[PDB]
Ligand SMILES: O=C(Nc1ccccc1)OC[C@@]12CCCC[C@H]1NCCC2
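The chain below stands alone and is given in structure tokens; this is the form solved without the ligand.
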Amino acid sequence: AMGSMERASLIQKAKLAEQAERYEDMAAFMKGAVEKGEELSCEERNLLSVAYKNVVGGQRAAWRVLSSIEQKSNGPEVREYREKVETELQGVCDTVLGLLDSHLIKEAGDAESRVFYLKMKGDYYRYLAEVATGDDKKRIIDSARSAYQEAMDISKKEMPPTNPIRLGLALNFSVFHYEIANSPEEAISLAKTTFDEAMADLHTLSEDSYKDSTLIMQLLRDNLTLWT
């Protein structure tokens, strides 16, 4: 629906929608920008991520409310409405994964861009895995695992341990281990090693980079405090 808008106008409107807290609009503008076929800048990648994380975050929060009501109940209405929200969440995940596969990831040559997109691929397979219950659930989980793993391999070879995308990737892969893969010891080990290796690299950073890194480092510490 955004094929007739200029790329730069779509980007400008995505930023306006963020200020207006209109995240569905933001996501549609950023989807249109991606479909122009040009690679995304660092700032544009962040806009894409923020938009869809907010959209799917609201859907996940609703799904969790309805799932809890449904489990306490165990008429068809609660199940039906949970299924409606579930289907809409899966549709958004499929949309993002489709943008990544056509053709963001294959054109991402730099480590920063490629890791960013593989992290997103892991995240949206994780969100699919949160609601999955059928024949493909193990394959959905393994698709999340495989995307996170390739991103970690690249990030460990190509990025400093304090890089915010590397830190966020490890954070989310550790949540995957704890919440999805039923591997809490793997989750704890990854969070601790990531935190310790970033701590030892802080001395190389400017004050602004230091603020970025320690912000995500605190989320790793919050989880370790919750998990141990």
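When you see a residue number, it is the position in the sequence shown, counting from 1.
One more form of this protein should be noted, the form deposited with the ligand bound, which is absent from this view; the next part is about it.
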- [ ] Give a yes/no on whether residue 12 approaches the ligand to within 4.5 Å in the deposited complex, heavy atoms considered.
- [x] no
Task: Any non-hydrogen atom of residue 17 within 4.5 angstroms of the ligand in the deposited complex - done: no
- [ ] Tell me, yes or no, whether residue 195 is in contact with the ligand in the deposited complex, where a contact means a heavy atom of each within 4.5 Å.
- [x] yes
TODO: May I ask you to check whether residue 69 falls inside a 4.5 Å heavy atom distance of the ligand in the deposited complex?
DONE: no
Open item on the list: Heavy atom within 4.5 Å of the ligand in the deposited complex: which residues of 183-217 meet that condition, in order?
Closed with: 195, 199, 202, 210, 211, 214, 217
